[PDB]
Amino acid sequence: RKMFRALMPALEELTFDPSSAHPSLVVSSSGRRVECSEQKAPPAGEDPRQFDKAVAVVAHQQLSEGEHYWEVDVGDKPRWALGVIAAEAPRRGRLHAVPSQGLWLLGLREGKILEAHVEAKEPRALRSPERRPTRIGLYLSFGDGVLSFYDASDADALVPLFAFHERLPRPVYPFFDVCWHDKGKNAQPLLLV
């Protein structure tokens, strides 16, 4: 676990793109914090760059080649999804979280079920396994065609959770789904480290 941590490249400098965010979301802290603003959900704009059904947002930064690593603090947020979305993938309407349609995601449900959104009709449940992760690390390598996820809760260690190995298309955008607030039960923010 100590090796993984050191083998990772410098932390990617990312910022949430406000123009792509679902209308219920608000971006703050110099683009490093995003959460649902429970006031009066306004209608989505006419720009296809903005998610209108998925309560998500992408980073300003597009990735096309090389290796990249970034971390996201999720804390005790019970429901979220993280990964990347292909630049050519649709962002409007109900989205289908499968690689074939441009989404490569790892998500959490009920605050305890970690699942990989593999090419299938049902996500693959993974092992927590010991303690609820509070920070997720994402490693993207175009040369190796992989997107891997790690439990990055421990400052000096990384525990593998899952990895997509099929060749990845380019470019892609780091993707973050905050999900519906679930009657105030899932109001926690997603934060870029």
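The first residue of the shown sequence is 1; numbering continues from there.
Using only C-alpha atoms and the B-factors in the entry, which stretch averages higher, 45-53 or 160-168? Averaging CA B-factors over each stretch, the winner is 160-168.
Output the stretch having the higher mean C-alpha B factor in the entry; the candidates are 63-71 and 125-133. Higher mean C-alpha B-factor in the PDB entry: 125-133.
Highest CA temperature factor in the entry: which of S148, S37, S28, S153? Comparing C-alpha B-factors across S148, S37, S28, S153, the maximum falls on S37.
According to the deposited entry, which of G184, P18, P23, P174 has the largest Cα B-factor? Out of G184, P18, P23, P174, the record gives the largest C-alpha B-factor to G184.
In terms of the CA temperature factor given in the entry, to which third of its chain does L190 belong: lowest, middle or highest? Its C-alpha B-factor, which the entry lists for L190, ranks in the lowest third among residues of this chain.
Ranked by Cα temperature factor within the chain, is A10 in the lowest third, the middle third or the highest third? It belongs to the highest third of the chain when residues are ordered by C-alpha B-factor.
Compared with the other modelled residues in the chain, in which third is the CA B-factor of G93? CA B-factor rank for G93: middle third.
Third of chain Cα B-factors occupied by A120: Top third by C-alpha B-factor.
Third of the chain, ranked by Cα B-factor, where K77 sits: Its C-alpha B-factor, which the entry lists for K77, ranks in the lowest third among residues of this chain.
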